[PDB]
C-alpha cells in the first residue's frame, strides 16, 4: 500500500497473509474455514496466517493454518487477469475472536463513488522497495467504469473495477494482491493488478466480487 497509513492494531480482523516461506499475497476470511484471494496468488502449498499485525514478529494472537484445498475460478485467464479470484479451504476451522473475524460477501454491486478500505503488507513506495512490518490501510473510492476503461484502454472487463485516484499517489502495490477492498462492511473487491503503483492515470484494478457471490457459495457448499 502506497500513501496509506498504519492500520489500528487488529482493526481489519478479516485480513490474512498467505505464506509459503515468506508473505507473498493477502486474502480475506469469509467463514470459519474459507479464505478468498486472487487466482494469480496460486501456490501448490500455502499457509494462511490470521490475526496478524506485525508480519515479522510473533505477537501471540496469530493462528497458522495450512490450506487443504485451493480452488481457482475455472475461467481465470493468466494473461488478461479476467476472473482473478480463488478460494482456499483451511485444513481446520479457525477460532473466531476479536482479532480474527469474517467479512460479509456483497449484497449487491456497490456504485462508483463508494468509499472503501484497502489493506495489505505490500510495498509502500512507487519507486523502490519498502516492505512494512505492520499492516497498512488506505481509504479510496470505487471509480466510474468509464474512467477505468479510459485509463486501461481495452484491458478492462465487466469483472473488474478500478479503485483509487486518477492523480496517483495512493494505491495498492506488490505484496497486496489477493487482499480485501471493503465498502460499508462488504467485500467488494480483491487486489489484482495495475501498471506500476500509485502512478497518475493508472489506478489499481480489482476483481469485482459482486459478480461471483453465487460461484463462491456454490463452491463452498460442494467442498
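Numbering follows the first chain given and starts at 1.
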Inset, instruction - Check the entry's C-alpha temperature factors for 5-13 and 201-209, then say which stretch has the higher mean. - result: 5-13
Legend entry - Of 101-109 and 149-157, the one with larger mean CA B-factor: 149-157
Inset, instruction - For the C-alpha B-factor as written in the entry, point me to the maximum among 114, 92, 136, 82. - result: 92
Legend entry - Which of 189, 168, 175, 27 ranks first by CA B-factor in the deposited coordinates: 168
Inset, instruction - Can you work out whether the C-alpha temperature factor of residue 53 puts it in the lowest, middle or highest third of the chain? - result: middle
Legend entry - residue 164, C-alpha B-factor rank within chain (lowest, middle or highest third): middle
Inset, instruction - For residue 128, return the chain-relative third of its C-alpha B-factor as stated in the PDB record: lowest, middle or highest. - result: highest
Inset, instruction - Using the B-factor values recorded in the entry, state whether the Cα atom of residue 47 falls in the lowest, middle or highest third among the modelled residues of its chain. - result: lowest
Inset, instruction - Please rank the C-alpha B-factors of the chain's modelled residues and tell me whether residue 37 sits in the lowest, middle or highest third. - result: lowest
